[PDB]
Each structure stands twice: as structure tokens, then as C-alpha cells.
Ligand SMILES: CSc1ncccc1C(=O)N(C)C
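The chain below stands alone, shown as C-alpha cells; this is the form deposited without the named molecule.
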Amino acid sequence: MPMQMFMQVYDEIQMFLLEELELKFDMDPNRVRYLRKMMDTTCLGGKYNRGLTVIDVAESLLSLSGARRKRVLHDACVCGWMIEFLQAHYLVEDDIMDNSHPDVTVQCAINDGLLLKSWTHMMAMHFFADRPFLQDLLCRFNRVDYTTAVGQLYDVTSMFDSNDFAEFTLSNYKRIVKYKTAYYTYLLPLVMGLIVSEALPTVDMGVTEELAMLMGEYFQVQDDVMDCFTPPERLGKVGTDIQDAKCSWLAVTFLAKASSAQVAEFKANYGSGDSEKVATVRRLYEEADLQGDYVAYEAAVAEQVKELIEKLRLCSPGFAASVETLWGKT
């Protein structure tokens, strides 16, 4: 029922967007079918955890505050696809960075990125045209999107000086995770579920923001370790954080407990594509027992999460049930 309803609304949203182009933007069928394929390629095939989270928050709040149910659930599905389209937009933008007479494939990739973002506005302005929260929804959505772009800047420049391992600290690592990932992956689905359920001013936002940041941190630390030690055919991709000189949890944790000569060896081998230098970094990580510290770090974070949901439950019990399910996914 959850996934089945999410996919039906996708068909409804897609048909509105494509018919709107046909009927109001003078688009020819060849381009409509081209955009239908591009939308399917970029928005479908993931796990939809951000979008389904909106629905779960919505159903948990109509059980503890007929016609309002069906409407709130449909609005939750449209909000779920807003985030999924936003995620598709970020992935297209991220491919343009590493993918490389006018090059029409790069022109169309840039265009795809612009269309996917604009589609989030177009579907909200249509399906929520008569909702009292449309203005608040757009503002909280645009602010989270801005937050993510700022987080991207923090991440991309963490090894230089914007016109260098000084910013390789744990507090800066958390700032990157917070802005680049946590706000739109964990906080935004929860907020949108509260908005369509009319129960936004009934929750402790501070505890909610604190939980979203902590859950993103838990997820990103595990992602950083898997990027380094999980082999490609099991991870799903080729891990590249060492070659890309990423400010990863492994890198900042190693620098805190390495000897002066190891730091020299780390700094000499980090951020290179050579197989031996990458392997030297993995050797340094192993010999520093980082995968031992990884277990303890996540355990402590999980304790802060498992104990922060209860504060939220004292005044928002239905909210905390969905936050627990979202945490269980992490």
C-alpha cells in the first residue's frame, strides 16, 4: 500500500507535468517523450526513503492528532516526490562535475538539472494551489535547498583555501554532513510530513533538528567506512574518497590519533589516484584501529538518537513513531 500509492501519484504527477508542457508550453510530442524518459531515468530506481518518510509521518499523525485522510495522504505523496525530484536534481548536478563545437549532452545535462528543480515548484504550485501551507511549504523547501548548496561548497572546498588539512576536524566534518546531507535527507521529509498533516507547530523542532543531524551523521560515518573498505562489487560503486581527498570521518579521526611521522606519510599519500598511495592510506587507517573506533562512535551516536526520540515523544507521540521507523532504516 505505501509504495503502491507512492508510484500511482508519480504517474499522476508526471502526466500533469507533461500535459502542462504540451498544453501550455507548446512542446512537441518528440520532446515530451524525451522528457518522460529523462524523468523516469533520474527520479525512479532508488529506494525512495526520503519520499516514503513523508507518507509515514503523515499516516502516524492522522492516527493521533475520511475526507481529510485521503487529502493529507495525497499531499504527502506529492511532497515525497518533491524531495525525490530534488534528489534527482542533485545527482544530475553531481554527474556534470565528473563527466568532464557545442557539447549537446552536457547542454542537455545542465538543462535536465534545471528542469528537475523547477518541476518541484511546478508540482507544488499545482497540487497545493488551494492549500493554506503552500507559501510556508515553498519557503521551507527553498531554504533547505539553499542549505544543501552551502553544504556542497563546504565539502568541495574542504581541502583548499577559497579564493590543506586545517579544516580536517570533527566539527567541520559535522558541518559538512549537516548542511550537505542531513537537512534535506532527514529533516526535510519530517517537516513536510508535519506540514501536510497540519501538525507543524505541535512538535519540538529543536529536538527534531538535533535528531536529523545525528541520524545523518550516523549514516555518513558508515558510508565513509564502506567507501574505503567495502569492495566495489559489494558497495555498488568504486570508492573514491581517498583519491578525491575527501574530508571523511576516517581522515579526521586518523589525524587526531596519528604520530607526527604517520601524518607526514598520510599527507604525502592522500588525494592521489595512484593505487599504492591509496593502499598506503588504507594501511594507515587499518593500523590505527579505525574500524574499532567506528563501532564505538556509531554506538554512542545511536544512544543519543535512541534517547532523543523520547523527548519528542513526551509532547508528540505519533511523530516519534515515524522518526523511529526512519532511524530504523538508518
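In this text, residue numbers run from 1 along the sequence as written. Whichever C-alpha set is largest while still superposing within 1.5 Å between the two forms counts as the rigid core.
A fit on the rigid core, followed by a root mean square over CA positions in 9 other deposited structures of this protein, ranks 192-200 against 245-253 and picks 245-253 as the more shifted one.
When the other structures are laid on the shown form by the core, the C-alphas of 299-307 and 258-266 differ in how far they drift in 9 other deposited structures of this protein; the larger average drift belongs to 258-266. Not even a third of the other compared entries skip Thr53; each one keeps it along with the residues on either side.
Of the other structures of this protein that model both sides of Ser272, every one gives it coordinates; not a third omit it. The deposited sequence places 10 or more unmodelled residues between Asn163 and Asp164.
Unmodelled deposited residues between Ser65 and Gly66: 4 to 9, per the record.
For the pair 142-150 and 72-80, the record assigns the higher mean C-alpha temperature factor to 72-80. Looking at 313-321 and 7-15 together, the entry lists the larger mean B-factor for 313-321, computed on C-alpha atoms.
Within the selection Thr53, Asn30, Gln291, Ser272, the deposited Cα B-factor values reach their highest point at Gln291.
Residues shown: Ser100, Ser158, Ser248, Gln243. Highest C-alpha temperature factor in the entry: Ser100. Among the modelled residues of its chain, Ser171 has a C-alpha B-factor that falls in the middle third according to the deposited record. Ranked against the other modelled residues of its chain, the C-alpha B-factor of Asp223 as given in the entry falls in the middle third. The PDB entry assigns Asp26 a C-alpha temperature factor belonging to the middle third of its chain's modelled residues. In the deposited entry, the Cα temperature factor of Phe229 sits in the top third of values across the chain's modelled residues.
When the CA B factors of the chain's modelled residues are split into thirds, the value for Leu116 lands in the lowest one.
Beyond the structure shown, there is the form solved in complex with the named molecule, which is absent from this document and is the topic of what follows.
Checked against the named molecule in the deposited complex, the residues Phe133, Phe168, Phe127, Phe219 give one hit for a heavy atom within 4.5 Å, which is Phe219. Within this chain, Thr185 lines the site of the named molecule in the deposited complex, having a heavy atom no more than 4.5 Å away. For the chain shown alone, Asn269 is not a contact residue for the named molecule in the deposited complex, no non-hydrogen atom being within 4.5 angstroms. In the deposited complex, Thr280 stays away from the named molecule, with no heavy atom inside 4.5 Å.
The named molecule is not shown here, and in the deposited complex it never comes within 4.5 Å of any heavy atom of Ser60. Only one segment in the set 271-279, 45-53, 258-266, 66-74 has any non-hydrogen atom within 4.5 angstroms of the named molecule in the deposited complex, and it is 45-53.
Using a 4.5 Å cut-off on any heavy atom, the residues of 305-330 that reach the named molecule in the deposited complex are, in sequence order, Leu326, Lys329, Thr330.
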